[PDB]
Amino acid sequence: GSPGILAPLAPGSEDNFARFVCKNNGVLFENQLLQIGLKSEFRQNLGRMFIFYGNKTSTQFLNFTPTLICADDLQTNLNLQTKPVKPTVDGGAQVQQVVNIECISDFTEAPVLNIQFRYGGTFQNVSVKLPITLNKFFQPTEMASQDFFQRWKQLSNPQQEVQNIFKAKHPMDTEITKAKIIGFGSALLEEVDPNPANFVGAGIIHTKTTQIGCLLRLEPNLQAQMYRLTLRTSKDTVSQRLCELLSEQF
(Lines of atoms letter the chains of each structure in order from A and count residues from 1; the text may use other names and numbers.)
(Lines give C-alpha, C1' and ligand atoms only; values in the text may rest on other atoms or scores of the structure.)
Protein backbone atom coordinates (compact mmCIF):
# COMPACT_ATOMS: atom_id res chain seq x y z
CA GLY A 1 0.00 0.00 0.00
CA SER A 2 2.46 2.63 -1.19
CA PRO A 3 0.71 5.99 -1.79
CA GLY A 4 -2.28 5.62 -4.08
CA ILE A 5 -2.82 1.93 -3.26
CA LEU A 6 -5.16 0.68 -0.54
CA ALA A 7 -6.57 -2.66 0.50
CA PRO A 8 -10.33 -3.11 0.89
CA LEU A 9 -11.42 -1.76 4.25
CA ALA A 10 -11.27 -4.23 7.11
CA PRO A 11 -14.58 -5.06 8.82
CA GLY A 12 -15.22 -2.88 11.84
CA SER A 13 -13.17 -3.74 14.91
CA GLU A 14 -14.65 -3.46 18.40
CA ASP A 15 -13.94 0.02 19.76
CA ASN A 16 -15.06 2.52 22.39
CA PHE A 17 -17.43 4.54 20.19
CA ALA A 18 -20.32 4.61 22.68
CA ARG A 19 -18.01 5.81 25.44
CA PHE A 20 -17.32 8.96 23.39
CA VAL A 21 -20.92 10.11 22.96
CA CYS A 22 -20.88 11.98 26.29
CA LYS A 23 -17.08 12.43 26.56
CA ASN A 24 -14.54 13.81 24.12
CA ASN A 25 -11.04 12.89 25.33
CA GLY A 26 -9.72 9.36 25.70
CA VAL A 27 -8.67 6.15 23.99
CA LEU A 28 -10.86 5.06 21.07
CA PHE A 29 -9.04 1.83 20.19
CA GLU A 30 -6.04 -0.14 21.40
CA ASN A 31 -4.52 -3.49 20.47
CA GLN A 32 -1.04 -4.93 20.97
CA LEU A 33 0.47 -2.68 18.28
CA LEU A 34 -1.43 0.60 18.15
CA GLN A 35 -3.25 3.05 20.39
CA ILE A 36 -5.72 5.50 18.85
CA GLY A 37 -6.45 8.44 21.14
CA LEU A 38 -8.90 11.28 20.62
CA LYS A 39 -9.25 14.85 21.87
CA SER A 40 -11.96 17.13 20.57
CA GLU A 41 -13.81 20.38 21.15
CA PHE A 42 -17.01 21.66 19.55
CA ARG A 43 -18.78 25.01 19.43
CA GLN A 44 -22.18 25.48 17.72
CA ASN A 45 -21.90 23.68 14.33
CA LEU A 46 -18.09 23.42 14.27
CA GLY A 47 -15.56 21.10 15.86
CA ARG A 48 -11.91 20.19 15.88
CA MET A 49 -10.76 16.65 16.65
CA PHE A 50 -7.18 15.49 17.18
CA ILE A 51 -6.40 11.82 16.53
CA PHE A 52 -3.27 10.41 18.16
CA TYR A 53 -1.64 7.27 16.71
CA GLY A 54 0.71 5.57 19.14
CA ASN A 55 3.14 2.83 18.14
CA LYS A 56 3.42 0.51 21.15
CA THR A 57 6.21 -1.57 19.56
CA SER A 58 9.92 -1.16 18.88
CA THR A 59 9.37 -1.58 15.12
CA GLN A 60 8.43 1.16 12.68
CA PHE A 61 5.02 1.30 11.05
CA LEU A 62 5.49 1.83 7.32
CA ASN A 63 3.08 3.15 4.70
CA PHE A 64 0.94 4.37 7.60
CA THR A 65 -2.25 5.59 5.92
CA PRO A 66 -5.32 6.82 7.85
CA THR A 67 -8.45 7.40 5.75
CA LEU A 68 -11.77 8.86 6.89
CA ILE A 69 -14.63 6.96 5.24
CA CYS A 70 -17.91 8.82 4.75
CA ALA A 71 -20.71 7.91 2.34
CA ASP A 72 -22.00 10.61 0.01
CA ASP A 73 -25.11 11.28 2.10
CA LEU A 74 -22.99 11.76 5.23
CA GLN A 75 -20.58 13.99 3.30
CA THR A 76 -23.56 16.18 2.34
CA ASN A 77 -24.44 16.67 6.00
CA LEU A 78 -21.01 16.56 7.70
CA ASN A 79 -17.95 18.26 6.23
CA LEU A 80 -14.58 16.89 7.33
CA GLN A 81 -11.22 18.41 6.41
CA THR A 82 -7.84 16.96 7.35
CA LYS A 83 -4.14 17.14 6.51
CA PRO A 84 -1.60 14.50 5.47
CA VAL A 85 0.02 12.19 8.01
CA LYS A 86 3.64 11.06 7.64
CA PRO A 87 3.57 7.37 6.58
CA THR A 88 6.41 6.36 8.94
CA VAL A 89 5.63 5.98 12.65
CA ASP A 90 8.71 5.15 14.69
CA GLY A 91 8.58 2.51 17.38
CA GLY A 92 7.35 4.08 20.61
CA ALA A 93 6.41 7.29 18.79
CA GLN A 94 3.07 9.09 18.60
CA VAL A 95 1.78 11.00 15.57
CA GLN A 96 -1.10 13.47 15.38
CA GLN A 97 -3.87 14.08 12.85
CA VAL A 98 -6.24 17.06 12.95
CA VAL A 99 -9.81 16.85 11.64
CA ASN A 100 -11.78 20.07 11.22
CA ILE A 101 -15.51 19.45 11.36
CA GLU A 102 -18.59 21.34 10.18
CA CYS A 103 -22.14 20.10 10.70
CA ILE A 104 -24.05 21.11 7.55
CA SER A 105 -27.28 19.39 8.58
CA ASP A 106 -28.33 16.67 11.01
CA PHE A 107 -26.98 13.18 10.34
CA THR A 108 -27.09 9.63 11.71
CA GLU A 109 -24.16 7.76 10.23
CA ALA A 110 -20.73 7.93 11.81
CA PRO A 111 -17.45 8.35 9.91
CA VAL A 112 -15.23 5.28 9.83
CA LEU A 113 -11.51 5.68 10.49
CA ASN A 114 -9.54 3.09 8.52
CA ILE A 115 -5.84 2.63 9.25
CA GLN A 116 -3.54 0.57 7.00
CA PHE A 117 0.17 0.05 7.61
CA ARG A 118 3.03 -2.43 7.43
CA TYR A 119 4.49 -3.90 10.63
CA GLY A 120 7.57 -5.98 9.85
CA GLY A 121 6.08 -7.14 6.57
CA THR A 122 2.68 -7.98 8.02
CA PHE A 123 -0.33 -6.10 6.65
CA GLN A 124 -2.35 -4.24 9.29
CA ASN A 125 -5.84 -2.96 8.45
CA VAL A 126 -8.09 -1.60 11.21
CA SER A 127 -11.51 0.05 10.87
CA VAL A 128 -13.05 1.86 13.85
CA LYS A 129 -16.14 4.06 14.18
CA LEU A 130 -15.24 7.70 14.82
CA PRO A 131 -17.42 9.36 17.51
CA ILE A 132 -18.60 12.39 15.58
CA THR A 133 -22.29 12.30 16.55
CA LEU A 134 -25.15 14.74 16.21
CA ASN A 135 -25.07 15.72 19.89
CA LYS A 136 -21.55 17.12 19.46
CA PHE A 137 -23.35 20.16 17.95
CA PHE A 138 -25.66 20.46 20.99
CA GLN A 139 -25.43 23.72 22.96
CA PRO A 140 -26.91 23.58 26.49
CA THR A 141 -29.71 26.05 27.21
CA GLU A 142 -30.67 26.89 30.78
CA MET A 143 -34.29 27.96 31.08
CA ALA A 144 -37.08 28.43 33.62
CA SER A 145 -39.75 25.81 34.24
CA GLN A 146 -42.38 28.06 32.66
CA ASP A 147 -40.32 28.48 29.48
CA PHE A 148 -39.76 24.73 29.25
CA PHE A 149 -43.45 23.81 29.50
CA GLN A 150 -44.42 26.35 26.84
CA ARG A 151 -41.92 24.78 24.43
CA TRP A 152 -42.83 21.21 25.43
CA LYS A 153 -46.50 21.88 24.67
CA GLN A 154 -45.73 23.32 21.23
CA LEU A 155 -43.83 20.15 20.30
CA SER A 156 -46.90 18.04 21.06
CA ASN A 157 -47.30 16.96 17.43
CA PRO A 158 -46.37 13.25 17.43
CA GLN A 159 -43.79 13.76 14.66
CA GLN A 160 -41.74 15.90 17.05
CA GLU A 161 -41.66 13.33 19.88
CA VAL A 162 -39.63 10.13 20.04
CA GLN A 163 -39.87 7.94 23.14
CA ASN A 164 -38.01 4.79 24.12
CA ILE A 165 -38.20 2.41 27.09
CA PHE A 166 -35.06 0.41 27.76
CA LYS A 167 -33.28 -1.66 30.38
CA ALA A 168 -30.55 0.09 32.33
CA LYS A 169 -27.06 -0.93 31.28
CA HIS A 170 -25.37 0.75 34.25
CA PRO A 171 -26.05 1.37 37.95
CA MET A 172 -28.94 3.80 38.38
CA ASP A 173 -26.78 6.48 40.01
CA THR A 174 -28.28 9.97 40.08
CA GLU A 175 -24.91 11.73 40.05
CA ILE A 176 -23.50 9.68 37.15
CA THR A 177 -26.73 10.21 35.18
CA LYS A 178 -26.62 13.99 35.62
CA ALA A 179 -23.00 14.01 34.44
CA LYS A 180 -23.93 11.96 31.35
CA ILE A 181 -26.66 14.45 30.42
CA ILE A 182 -24.24 17.36 30.77
CA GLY A 183 -21.58 15.48 28.81
CA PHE A 184 -24.14 14.87 26.04
CA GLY A 185 -24.43 18.64 25.52
CA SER A 186 -27.73 19.30 27.31
CA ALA A 187 -28.44 21.64 30.16
CA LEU A 188 -29.72 19.86 33.26
CA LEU A 189 -32.89 21.60 34.43
CA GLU A 190 -33.73 21.19 38.12
CA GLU A 191 -37.28 21.35 39.48
CA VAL A 192 -39.06 21.32 36.11
CA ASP A 193 -40.56 17.84 36.28
CA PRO A 194 -42.48 17.79 39.60
CA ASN A 195 -41.09 14.28 40.17
CA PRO A 196 -37.70 14.87 41.84
CA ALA A 197 -36.47 11.47 40.61
CA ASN A 198 -36.77 12.44 36.93
CA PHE A 199 -34.24 14.34 34.81
CA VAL A 200 -35.02 17.15 32.35
CA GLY A 201 -32.70 18.67 29.78
CA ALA A 202 -32.74 21.27 27.05
CA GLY A 203 -30.38 22.45 24.34
CA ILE A 204 -30.07 23.62 20.75
CA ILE A 205 -28.56 21.61 17.91
CA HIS A 206 -26.59 23.90 15.59
CA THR A 207 -26.32 23.19 11.87
CA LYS A 208 -24.92 25.46 9.18
CA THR A 209 -28.39 26.95 8.58
CA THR A 210 -30.66 26.01 11.46
CA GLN A 211 -30.96 26.02 15.23
CA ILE A 212 -33.07 23.05 16.34
CA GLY A 213 -34.47 23.35 19.85
CA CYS A 214 -34.44 20.13 21.83
CA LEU A 215 -36.07 19.05 25.10
CA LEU A 216 -35.60 15.76 26.92
CA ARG A 217 -37.12 13.86 29.82
CA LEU A 218 -35.48 10.81 31.40
CA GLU A 219 -37.56 8.79 33.86
CA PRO A 220 -35.90 6.05 35.92
CA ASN A 221 -37.78 3.17 37.47
CA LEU A 222 -35.26 2.12 40.12
CA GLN A 223 -37.10 -1.07 41.13
CA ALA A 224 -37.60 -2.44 37.60
CA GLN A 225 -34.15 -1.15 36.52
CA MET A 226 -35.71 0.52 33.48
CA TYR A 227 -35.75 3.97 31.93
CA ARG A 228 -38.13 5.92 29.73
CA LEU A 229 -36.53 8.59 27.53
CA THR A 230 -38.62 11.22 25.71
CA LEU A 231 -37.20 13.64 23.14
CA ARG A 232 -39.24 16.56 21.82
CA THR A 233 -37.43 18.71 19.28
CA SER A 234 -38.28 20.98 16.39
CA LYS A 235 -37.10 18.41 13.81
CA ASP A 236 -38.34 14.83 13.52
CA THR A 237 -35.00 13.31 12.47
CA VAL A 238 -33.20 15.11 15.32
CA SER A 239 -35.65 13.70 17.86
CA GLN A 240 -34.99 10.26 16.41
CA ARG A 241 -31.19 10.41 16.36
CA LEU A 242 -30.83 12.03 19.78
CA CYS A 243 -33.16 9.46 21.34
CA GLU A 244 -31.17 6.68 19.67
CA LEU A 245 -27.88 8.04 21.00
CA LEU A 246 -29.01 8.88 24.55
CA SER A 247 -30.85 5.57 24.98
CA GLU A 248 -27.49 3.77 24.92
CA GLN A 249 -25.93 5.79 27.75
CA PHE A 250 -27.71 4.56 30.88
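From 1 onward, residues are counted along the sequence shown.
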Average Cα temperature factor in the PDB entry - higher stretch of 1-9, 240-248 | 1-9
Quick note on 10-18 and 227-235: per-entry mean CA temperature factor is higher in 10-18
Taking the Cα B-factors listed in the entry, which of 134, 93, 74, 128 comes out highest?
-> 93
Checking the entry, which one of 50, 42, 199, 61 has the top C-alpha B factor?
-> 61
Would you please rank residue 148 by its C-alpha temperature factor against the other modelled residues of its chain and give the third it falls in: lowest, middle or highest?
-> highest
Select lowest, middle or highest to describe the third in which the CA B-factor of residue 102 falls within its chain in this entry.
-> lowest
Would you mind checking where the Cα B-factor of residue 190 ranks among the modelled residues of its chain, as the lowest, middle or highest third?
-> highest
Going by what the PDB entry lists, where does residue 32 fall on CA B-factor within its chain: lowest, middle or highest third?
-> highest
Name the third of the chain's ranked CA B-factors that contains residue 211, choosing lowest, middle or highest.
-> lowest
